[PDB]
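A.B. asks: Below is one structure. I have some questions about it.
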Number of protein chains: 4
Amino acid sequence: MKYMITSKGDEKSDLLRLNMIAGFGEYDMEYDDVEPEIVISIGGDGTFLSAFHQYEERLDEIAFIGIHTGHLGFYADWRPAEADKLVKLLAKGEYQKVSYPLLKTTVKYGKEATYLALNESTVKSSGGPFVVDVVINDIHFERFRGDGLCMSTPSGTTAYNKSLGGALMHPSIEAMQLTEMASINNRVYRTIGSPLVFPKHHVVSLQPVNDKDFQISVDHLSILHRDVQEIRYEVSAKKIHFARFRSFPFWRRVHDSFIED
Amino acid sequence: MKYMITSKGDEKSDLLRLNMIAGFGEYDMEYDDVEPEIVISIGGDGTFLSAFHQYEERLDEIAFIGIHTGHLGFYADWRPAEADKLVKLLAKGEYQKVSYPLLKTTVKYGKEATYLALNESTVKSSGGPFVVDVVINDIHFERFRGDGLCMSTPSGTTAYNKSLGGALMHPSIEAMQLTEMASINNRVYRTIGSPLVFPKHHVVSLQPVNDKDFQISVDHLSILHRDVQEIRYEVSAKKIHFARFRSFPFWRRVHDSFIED
Amino acid sequence: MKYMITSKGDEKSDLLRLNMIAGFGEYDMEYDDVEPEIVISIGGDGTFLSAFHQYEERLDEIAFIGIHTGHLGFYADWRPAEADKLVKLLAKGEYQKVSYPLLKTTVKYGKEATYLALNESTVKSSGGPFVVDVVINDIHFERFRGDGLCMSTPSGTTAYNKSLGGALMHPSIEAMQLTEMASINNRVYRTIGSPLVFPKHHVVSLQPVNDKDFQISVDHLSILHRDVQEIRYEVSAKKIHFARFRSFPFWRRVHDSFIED
Amino acid sequence: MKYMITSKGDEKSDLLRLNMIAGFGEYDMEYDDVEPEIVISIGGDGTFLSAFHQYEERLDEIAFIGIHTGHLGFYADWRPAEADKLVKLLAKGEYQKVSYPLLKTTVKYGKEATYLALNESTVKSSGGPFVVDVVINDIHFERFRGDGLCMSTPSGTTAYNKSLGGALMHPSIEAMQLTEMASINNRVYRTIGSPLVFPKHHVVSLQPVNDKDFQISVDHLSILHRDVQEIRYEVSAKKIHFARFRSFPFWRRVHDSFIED
Ligand SMILES: Nc1ncnc2c1ncn2[C@@H]1O[C@H](CN2CC#Cc3nc4c(N)ncnc4n3[C@@H]3O[C@H](CNC(=O)NCCCNC(=O)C2)[C@@H](O)[C@H]3O)[C@@H](O)[C@H]1O
Ligand SMILES: Nc1ncnc2c1ncn2[C@@H]1O[C@H](CN2CC#Cc3nc4c(N)ncnc4n3[C@@H]3O[C@H](CNC(=O)NCCCNC(=O)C2)[C@@H](O)[C@H]3O)[C@@H](O)[C@H]1O
Ligand SMILES: Nc1ncnc2c1ncn2[C@@H]1O[C@H](CN2CC#Cc3nc4c(N)ncnc4n3[C@@H]3O[C@H](CNC(=O)NCCCNC(=O)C2)[C@@H](O)[C@H]3O)[C@@H](O)[C@H]1O
Ligand SMILES: Nc1ncnc2c1ncn2[C@@H]1O[C@H](CN2CC#Cc3nc4c(N)ncnc4n3[C@@H]3O[C@H](CNC(=O)NCCCNC(=O)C2)[C@@H](O)[C@H]3O)[C@@H](O)[C@H]1O
C-alpha cells in the first residue's frame with residue numbers, strides 16, 4: 001500500500017513517525033504523500049483534522065488511522081506504544097473499513113464555495129450583531145439573533161456541539177445537528193432553543209437579515225466571507241473511511257473520553 | 001373502510017365525532033372499533049396517545065388521524081372546521097401513509113413485560129434514591145444517580161425530551177434519545193450529562209444498583225414495577241402509520257408549535 | 001461546653017464518635033444531647049442535615065461541626081484523622097462562628113405548617129399533573145407546568161439546585177434561589193426558564209390551579225400535604241452557625257468538591 | 001434642575017426629545033449636557049447604555065430615566081405617550097431615587113485601565129484559543145478553556161447572562177455573576193459549568209495561560225487589549241441611580257419582558 005504519516009511536529013510525534021516509516025520499510029509499503037491509500041495521523045484530534053483536510057479530495061480512496069501521543073483523541077484508536085503492532089497489522093491488510101458521515105457547507109455570494117467538515121461548521125458575525133433567517137427545506141423556520149450557530153456531524157457531536165448542549169449521536173446515523181450559541185429570547189425575539197437533528201437530504205439555509213459579512217469556521221479553519229447571500233448545510237454524500245483493527249465501539253470511546261479511562 | 005373515532009369527551013369533541021359519523025354514513029364507511037383500518041382521534045395529544053394505545057396490537061393495519069379541538073396538538077393535522085373536508089377525503093381514499101418510529105421497553109423481573117411508546121418511556125425510583133447502571137450494547141457506560149431517565153422516540157423529542165434539554169429529531173430518523181433528569185455530578189459521581197441518540201439495533205439496559213422498585217411511565221401511563229432485574233430500551237420494529245392528506249412538514253409543525261402560528 | 005455527637009452509624013463513624021467522647025472526657029466538656037451548645041456530625045452531608053433538623057429549635061444556641069468519614073461532604077470541615085486536633089481546639093474554645101442563611105417554607109391549608117431548610121425545599125405533585133401559579137410579592141409572575149420547583153438556600157446551591165442548572169451562590173448573600181424541574185414551554189405554556197434569585201423579605205407564593213395535593217420535601221424529608229391553599233417561601237430570619245477553626249473558604253470548598261482535590 | 005435628553009436618533013425619538021424640551025421650557029428646567037442632574041434616554045436599552053457611559057464620571061450626581069420608543073426596554077419605565085406626564089412629574093420633583101449595583105473591571109498590562117459596566121463585561125480571545133486561569137480571592141479555582149466568560153451585574157442578569165444560562169437576580173442584591181460561554185469539559189479539561197454569584201468585596205481575577213491578547217467588551221463596547229497580565233472583576237462601589245415615579249417592580253418588569261405584556 002501507498003501510505004503517508006503526518007505528525008503534530010513535537011519531538012515525540014516526529015520520532016514515532018520516523019520509527020513507523022522504518023518499520024514500514026520492512027514490508028510492501030511505499031511512502032507516498034501525493035496518492036496515499038492509508039493516511040496515519042500522529043498527534044491529537046487537531047492533527048487528525050488537518051490530515052483529513054490535506055486529503056479531502058481523495059476521501060473515497062483513503063483509510064485514515066489516528067495515533068494520540070498526548071491524552072486520548074477522539075479520532076485516535078492507538079497509543080504510541082502500539083505503533084509496531086499497527087505497522088504489522090496494516091501491512092498484512094488485516095483490517096475492516098468503517099465510514100462516518102460528513103457535513104457539506106455551501107456559501108453563495110454575488111458565486112459559490114463548498115467545504116467539507118469532519119467535526120462542524122459554525123457561523124458568526126464579522127463584528128456587528130449576528131442575525132440570520134433559518135430556512136429548512138425552503139420553509140422559514142426562525143429568525144436567529146445571538147452569537148452564532150454550529151452545525152455538527154455525528155462524530156463532531158462530542159466536540160463543540162457537546163459544549164453547546166447538543167446531543168451525542170452515534171456515527172452510523174446519517175444526520176447533522178444544529179446548535180445555538182447564546183440566542184436572545186424575550187417577548188420580541190424567539191428561537192427554538194433546542195438542538196435540531198436533520199436527516200440526509202434536508203437542507204438548512206441561513207439567510208442574512210442586515211449585515212452580509214460572516215466568519216465561517218469549518219473544523220476550526222475560520223474564514224471571513226463578504227457579501228454572503230446564503231449559507232447552505234446538508235449531509236455530504238462523501239464519507240471519511242477509517243481503518244479498524246479491533247472493536248473500539250463509539251460508546252466506549254465516549255465513555256473513555258468523558259466518564260473515566 | 002372500517003373506521004372508529006375516539007373523543008376527548010367534552011361537549012365539543014363528542015359533537016364533532018357525532019357529526020363526522022353522520023358524514024361517514026353517506027359513504028362506504030363502516031363504524032367498527034374492534035378492527036378499524038382508520039382511527040380518528042378528536043381531542044388533544046393525550047387523546048391521540050390513548051387512541052394509539054387502544055390499538056397498539058394492530059398498528060400495521062391502522063392509519064391514525066388527529067383532530068385538535070383545543071390549541072394545536074403535535075399529533076394533530078386538522079382543526080375542527082376542516083372535519084367535513086377530512087370525511088370526504090378519507091372516504092375517497094385520497095391519502096398517503098407516513099410512518100414514525102416507536103420505542104420498545106422491556107422490563108424483566110425474577111419474567112418479562114414489553115411496552116410500546118409513541119412519545120417516551122421514563123424511569124424513576126419508587127421513593128428512595130434512583131441509582132442505575134447504564135449498559136449500552138453490553139458495555140457498562142455510566143452509573144446514573146439523579147431523579148430519573150427519559151427515552152424518547154423521534155416524534156416524542158418535542159415533548160418531555162424537549163423539556164429535559166434533548167435535541168429535536170426529524171421522525172424519518174430511526175432512533176431513540178436518552179435524556180437525564182437532574183443527575184448528581186461531583187468528584188465522586190459522574191454522568192455524561194448530554195442527551196444520547198441511539199440508532200436502530202442498539203440496546204440500552206438499565207440495571208439496579210440497590211433498590212429494585214421503579215416507577216416506569218410509557219406515554220404517561222405510570223406503573224410501579226417491583227423486583228426489577230433490567231429495563232431494556234430499543235427502537236421497535238413496529239411503526240405507527242399516519243393518514244396524510246396534504247403536506248404539513250415536521251419542521252413546520254415544530255415552527256407552528258414553538259415559534260409562532 | 002455541653003456538646004453532642006451524631007453518627008451515620010456505620011462501624012467507622014460509631015468508633016470515631018466513641019473515641020472523641022473519650023477525648024472530650026479529658027476536658028471541661030459535658031455530653032448533653034438535650035441542650036448542647038456544640039453539635040458534631042460524623043458521617044456525610046445527609047448525617048449533617050439530620051443533625052441540623054434534630055436541633056432546629058435551638059439554632060441560635062448551637063454551633064455545628066461536620067466530620068466526613070467518606071469522601072468530602074460539603075458541610076464537613078474535618079477528615080477523621082483530624083478528630084483529635086478538633087477535640088483539643090473545641091475544648092480550648094479556639095474558634096470563630098460563621099453563619100449561613102436558611103429558607104423558611106410555610107404551607108397553608110383550610111391552618112399552617114412551617115419548615116426550615118438548610119439545603120432546599122421542593123414541591124411536586126402527588127401523582128397528577130403539577131400546575132401552580134407563581135406569585136412574587138403578591139404579583140402574579142407565571143403559571144408553572146412541569147415536574148416541580150426547587151427553592152434553595154445559598155449553601156444549598158451546590159446540591160439539588162446545581163443539578164437543575166442553578167447558579168452557585170456564596171453563603172454570605174442573604175437570598176434564596178428558585179429553579180425549575182422540566183417545565184413545559186410551547187406557544188400555549190410559558191415559564192421564565194432561568195433560575196431566579198430573591199433577596200431577604202421577598203415572598204414567593206405557589207398557588208394551586210387544579211389539584212391541591214403536593215409532595216413537599218425539605219432537605220429530602222418528603223411529606224404529602226393535602227388541601228393546600230398556598231406554599232410560601234422566604235429567607236428565614238434564623239441562621240445556622242458553624243464552628244470554624246481555620247480558613248476553608250466557600251470557593252475552595254466548591255473547587256475541592258467539583259473540580260479536583 | 002439641569003437635565004439633558006439623548007435620543008436614539010430616528011425621527012420618532014428626535015421629535016419626542018424636541019417636544020419634551022419644549023415642555024421643560026415651561027418650568028424651572030435648564031437644558032445642560034455638561035453637568036445634568038437628570039439624564040433622559042429616549043430609545044432602547046442600547047440608547048440607555050450609551051447615556052450611562054456618556055455620564056459615567058458623574059453617576060453620584062445624576063438620576064437616569066428611560067423612555068422606550070420601540071418595544072419594552074428593560075431600563076425603560078415610560079412609553080412615549082406618557083412623556084408629558086413625565087415632564088410634569090420630573091419638574092415638580094415628584095420622585096424617589098432607586099440604585100442598582102455596577103461592575104468594575106480592571107485590566108492590567110506591563111499599567112491599568114478600569115471600566116464600569118451596567119450590564120456586563122465579557123472576555124474572549126483575540127482569535128486564537130481562549131484559556132485563562134480563574135482566581136477567586138487569590139485562590140486558583142479553575143482553568144477555563146472555551147469561547148469566553150461573562151461577568152454580569154444584577155440588572156444585567158436579564159441580558160447576555162440570561163442567554164448563557166445564568167440566574168436572574170434582583171437588583172437590591174449587591175453581587176456579580178460569572179457565566180461560561182461553551183467551555184470544554186472532558187477527562188482532561190474541567191470547569192465548574194454552573195454560573196457563579198459573588199458578593200461585594202470578592203475579587204475574581206483572570207490570568208492568561210498562553211495568549212495574552214483579549215477582546216474585552218463592557219456593555220457591548222468591545223476593545224482589543226494586548227499584553228494583558230490580569231483582568232479583575234469586583235462589584236463597584238459606584239451605583240447608578242434611577243428616578244422612579246411609580247412602582248414598577250423588578251419582577252413585574254421581568255414578567256412583562258419575558259412572559260407576557
Ligand atoms: N468552545 C469550544 N468547546 C468545545 N470544543 C470546541 C470549542 N471551540 C472549538 N472546538 C472544537 O475544536 C476543534 C479543533 N481543534 C482540535 C480538536 C478537536 C476535537 N474533536 C473531537 C470530537 N469529534 N469528539 C470529542 N472530542 C473532540 N476534540 C477535543 O477537543 C480538544 C481540543 N479543542 C479545542 O481546544 N477547541 C477550542 C479552540 C481551539 N481549537 C483548535 O485549535 C483546533 C481536545 O481534547 C480534542 O481531543 C473544533 O473542530 C471544535 O469542535
Ligand atoms: N415535565 C414535562 N415537560 C414536558 N412534557 C411532559 C412532562 N411530563 C410529561 N410530559 C409529556 O406529556 C405527555 C402525556 N400527556 C398528553 C400529551 C402530550 C404531547 N406530546 C407531544 C409531542 N410528541 N410533541 C410536542 N408536544 C407534545 N405534547 C404536548 O404536551 C402538552 C401536554 N402534556 C403535559 O402537560 N405533561 C405533564 C404531565 C401531564 N400529562 C398528561 O396527563 C398526558 C400539550 O401541549 C401537548 O400538546 C407525555 O408523554 C410526556 O411527553
Ligand atoms: N436529583 C438530585 N441531584 C442532586 N442533588 C439532589 C438530588 N435529589 C436530592 N438531592 C440532594 O440530596 C440532599 C439529601 N441527601 C444527603 C445530601 C446532600 C448534599 N448537600 C450538599 C451541598 N449543600 N453542597 C454540595 N453537595 C451537597 N450534597 C451531596 O449530595 C450527595 C448526596 N445526595 C443525593 O444522593 N441525592 C439524591 C437522592 C438521595 N438523597 C438523600 O437520601 C439525602 C453527596 O455527595 C452529598 O455530599 C437533598 O437536600 C438535595 O439537595
Ligand atoms: N448573544 C447575546 N444574547 C443576549 N444578549 C446579548 C448577547 N450579546 C450581547 N447582548 C446584550 O446586548 C447589550 C448591548 N446592546 C443593547 C442592549 C440591551 C439589553 N439590556 C437588557 C437588560 N439589562 N435586561 C433585559 N434585556 C436587556 N436588553 C435587550 O437586548 C436586546 C438588544 N441586544 C442585542 O441584540 N445583543 C446582541 C448583539 C447586539 N447588541 C448591541 O448592539 C448593543 C433588546 O431587546 C434589549 O432590550 C449587551 O450589554 C449584552 O447584554
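Every chain in the C-alpha cells takes a letter, A first, then B, and so on in the order presented; its residues are numbered from 1, and the ligands are numbered from 1 following the presented order.
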Do me a favour and pick out the residues of chain C within 7 Å of chain D, using only C-alpha atoms, as a CSV table (one decimal) with N, CA and C atoms, in the first residue's frame.

C.D. replies:
chain,number,residue,atom,x,y,z
C,141,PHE,N,-46.6,36.1,38.6
C,141,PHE,CA,-45.5,36.1,37.8
C,141,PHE,C,-45.5,35.1,36.6
C,162,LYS,N,-27.9,22.9,41.9
C,162,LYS,CA,-26.8,22.8,40.9
C,162,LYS,C,-27.3,21.8,39.8
C,165,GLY,N,-29.5,23.3,37.1
C,165,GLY,CA,-29.0,24.4,36.3
C,165,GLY,C,-28.9,25.7,37.0
C,166,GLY,N,-29.1,25.7,38.3
C,166,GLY,CA,-29.0,26.9,39.1
C,166,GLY,C,-27.6,27.4,39.3
C,167,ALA,N,-27.5,28.7,39.7
C,167,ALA,CA,-26.2,29.3,39.9
C,167,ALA,C,-25.7,29.0,41.3
C,168,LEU,N,-24.3,28.9,41.5
C,168,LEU,CA,-23.8,28.7,42.8
C,168,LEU,C,-23.6,30.0,43.5
C,169,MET,N,-24.1,30.2,44.7
C,169,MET,CA,-24.1,31.5,45.4
C,169,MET,C,-23.3,31.4,46.7
C,170,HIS,N,-22.5,32.4,46.9
C,170,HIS,CA,-21.7,32.5,48.1
C,170,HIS,C,-22.6,32.7,49.3
C,173,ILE,N,-24.4,35.8,51.0
C,173,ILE,CA,-25.5,36.5,50.3
C,173,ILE,C,-26.9,36.0,50.9
C,190,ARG,N,-45.9,28.9,29.0
C,190,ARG,CA,-44.6,29.7,29.1
C,190,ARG,C,-44.1,29.9,30.6
C,191,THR,N,-42.9,29.6,30.8
C,191,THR,CA,-42.3,29.9,32.1
C,191,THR,C,-41.0,30.7,31.8
C,192,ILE,N,-40.4,31.2,32.9
C,192,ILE,CA,-39.2,32.1,32.7
C,192,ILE,C,-38.0,31.3,32.3
C,194,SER,N,-35.1,30.5,33.3
C,194,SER,CA,-34.0,30.9,34.1
C,194,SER,C,-34.2,30.6,35.6
C,195,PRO,N,-33.2,30.3,36.4
C,195,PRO,CA,-33.2,30.4,37.8
C,195,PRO,C,-33.5,31.8,38.3
C,196,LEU,N,-34.2,31.9,39.4
C,196,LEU,CA,-34.5,33.3,39.9
C,196,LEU,C,-33.9,33.3,41.3
C,197,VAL,N,-33.2,34.5,41.6
C,197,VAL,CA,-32.6,34.7,42.9
C,197,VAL,C,-33.3,35.8,43.6
C,198,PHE,N,-33.8,35.6,44.9
C,198,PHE,CA,-34.6,36.5,45.6
C,198,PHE,C,-33.9,37.0,46.8
C,199,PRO,N,-34.0,38.3,47.2
C,199,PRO,CA,-33.3,38.7,48.4
C,199,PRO,C,-34.2,38.5,49.6
C,255,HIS,N,-14.3,24.3,44.8
C,255,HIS,CA,-13.3,23.8,44.0
C,255,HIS,C,-12.9,22.4,44.3
C,258,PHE,N,-15.9,19.9,43.3
C,258,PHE,CA,-16.4,19.8,41.9
C,258,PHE,C,-15.2,19.8,40.8
C,259,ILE,N,-14.1,20.3,41.1
C,259,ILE,CA,-13.0,20.5,40.1
C,259,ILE,C,-11.9,19.4,40.4

A.B. asks: Within 8 Å of ligand 4, counting only C-alpha atoms and all ligand atoms, which protein or nucleic acid residues do you find, written as a PyMOL selection string?

C.D. replies: (chain A and resi 128-130+145-148+181-186+188-189) or (chain D and resi 44-47+49+71-75+118-120+155-164+218-220+254+257)

A.B. asks: In Å, rounded to a single decimal, give me how far atom CA of residue 42 of chain C is from atom 15 (N, counted along the ligand's line) of ligand 3.

C.D. replies: 14.6 Å

A.B. asks: Between atom CA of residue 204 of chain B and atom CA of residue 134 of chain B, measure the distance and give it in Å to one decimal.

C.D. replies: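 We find that atom CA of residue 204 of chain B and atom CA of residue 134 of chain B lie 7.0 Å from each other.
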
A.B. asks: Could you go through segment 6-199 of chain C and tell me which residues DSSP, when run on the backbone, assigns to helix (DSSP H, G or I), listing them as a PyMOL selection string?

C.D. replies: chain C and resi 11-24+45-54+56-61+80-91+155-158+160-163

A.B. asks: Restrict the selected residues to C-alpha atoms and save them as a PDB file, in the first residue's frame.

C.D. replies:
ATOM      1  CA  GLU C  11     -18.691   0.935  62.341  1.00  0.00           C
ATOM      2  CA  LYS C  12     -16.237   3.667  61.304  1.00  0.00           C
ATOM      3  CA  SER C  13     -18.430   6.583  62.428  1.00  0.00           C
ATOM      4  CA  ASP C  14     -19.541   4.978  65.699  1.00  0.00           C
ATOM      5  CA  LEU C  15     -15.924   4.347  66.783  1.00  0.00           C
ATOM      6  CA  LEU C  16     -14.792   7.842  65.821  1.00  0.00           C
ATOM      7  CA  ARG C  17     -17.657   9.145  67.994  1.00  0.00           C
ATOM      8  CA  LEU C  18     -16.674   6.928  70.940  1.00  0.00           C
ATOM      9  CA  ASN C  19     -13.036   7.990  70.646  1.00  0.00           C
ATOM     10  CA  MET C  20     -13.973  11.700  70.501  1.00  0.00           C
ATOM     11  CA  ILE C  21     -16.217  11.263  73.540  1.00  0.00           C
ATOM     12  CA  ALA C  22     -13.295   9.664  75.364  1.00  0.00           C
ATOM     13  CA  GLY C  23     -11.142  12.583  74.266  1.00  0.00           C
ATOM     14  CA  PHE C  24     -13.719  15.113  75.450  1.00  0.00           C
ATOM     15  CA  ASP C  45     -23.973  15.661  54.384  1.00  0.00           C
ATOM     16  CA  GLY C  46     -27.100  13.537  54.951  1.00  0.00           C
ATOM     17  CA  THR C  47     -25.937  12.922  58.530  1.00  0.00           C
ATOM     18  CA  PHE C  48     -25.222  16.620  58.906  1.00  0.00           C
ATOM     19  CA  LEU C  49     -28.708  17.571  57.596  1.00  0.00           C
ATOM     20  CA  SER C  50     -30.264  15.148  60.128  1.00  0.00           C
ATOM     21  CA  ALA C  51     -28.244  16.791  62.904  1.00  0.00           C
ATOM     22  CA  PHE C  52     -29.469  20.221  61.847  1.00  0.00           C
ATOM     23  CA  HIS C  53     -33.109  19.078  61.921  1.00  0.00           C
ATOM     24  CA  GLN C  54     -32.706  17.310  65.280  1.00  0.00           C
ATOM     25  CA  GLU C  56     -33.696  23.188  64.554  1.00  0.00           C
ATOM     26  CA  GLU C  57     -35.407  24.567  67.661  1.00  0.00           C
ATOM     27  CA  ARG C  58     -32.106  25.757  69.193  1.00  0.00           C
ATOM     28  CA  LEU C  59     -30.140  27.073  66.206  1.00  0.00           C
ATOM     29  CA  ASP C  60     -29.221  30.319  67.902  1.00  0.00           C
ATOM     30  CA  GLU C  61     -27.643  28.395  70.779  1.00  0.00           C
ATOM     31  CA  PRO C  80     -11.471  11.581  60.529  1.00  0.00           C
ATOM     32  CA  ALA C  81      -7.687  11.748  61.008  1.00  0.00           C
ATOM     33  CA  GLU C  82      -8.034  15.323  62.362  1.00  0.00           C
ATOM     34  CA  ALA C  83     -10.570  14.379  65.091  1.00  0.00           C
ATOM     35  CA  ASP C  84      -8.051  14.646  67.948  1.00  0.00           C
ATOM     36  CA  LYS C  85      -6.962  18.092  66.790  1.00  0.00           C
ATOM     37  CA  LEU C  86     -10.665  19.037  66.652  1.00  0.00           C
ATOM     38  CA  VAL C  87     -11.257  17.841  70.256  1.00  0.00           C
ATOM     39  CA  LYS C  88      -8.350  19.894  71.595  1.00  0.00           C
ATOM     40  CA  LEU C  89      -9.288  23.039  69.658  1.00  0.00           C
ATOM     41  CA  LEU C  90     -13.008  22.809  70.511  1.00  0.00           C
ATOM     42  CA  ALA C  91     -12.174  22.311  74.158  1.00  0.00           C
ATOM     43  CA  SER C 155     -25.233  26.657  50.828  1.00  0.00           C
ATOM     44  CA  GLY C 156     -27.876  24.516  49.137  1.00  0.00           C
ATOM     45  CA  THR C 157     -26.993  25.983  45.746  1.00  0.00           C
ATOM     46  CA  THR C 158     -24.304  23.283  45.308  1.00  0.00           C
ATOM     47  CA  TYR C 160     -30.145  19.751  44.015  1.00  0.00           C
ATOM     48  CA  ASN C 161     -30.144  23.372  42.734  1.00  0.00           C
ATOM     49  CA  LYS C 162     -26.827  22.781  40.938  1.00  0.00           C
ATOM     50  CA  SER C 163     -28.273  19.676  39.223  1.00  0.00           C
TER      51      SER C 163
END

A.B. asks: So, with only C-alpha atoms as the atoms that count, which of A:35, A:227, A:77, A:28 lies closest to residue 211 of chain A?

C.D. replies: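 Checking each of A:35, A:227, A:77, A:28 against residue 211 of chain A, counting only C-alpha atoms, the winner is A:227.
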
A.B. asks: What separation in Å, quoted to one decimal, exists between atom CA of residue 109 of chain A and atom CA of residue 127 of chain D?

C.D. replies: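 Those two atoms sit 24.5 Å apart.
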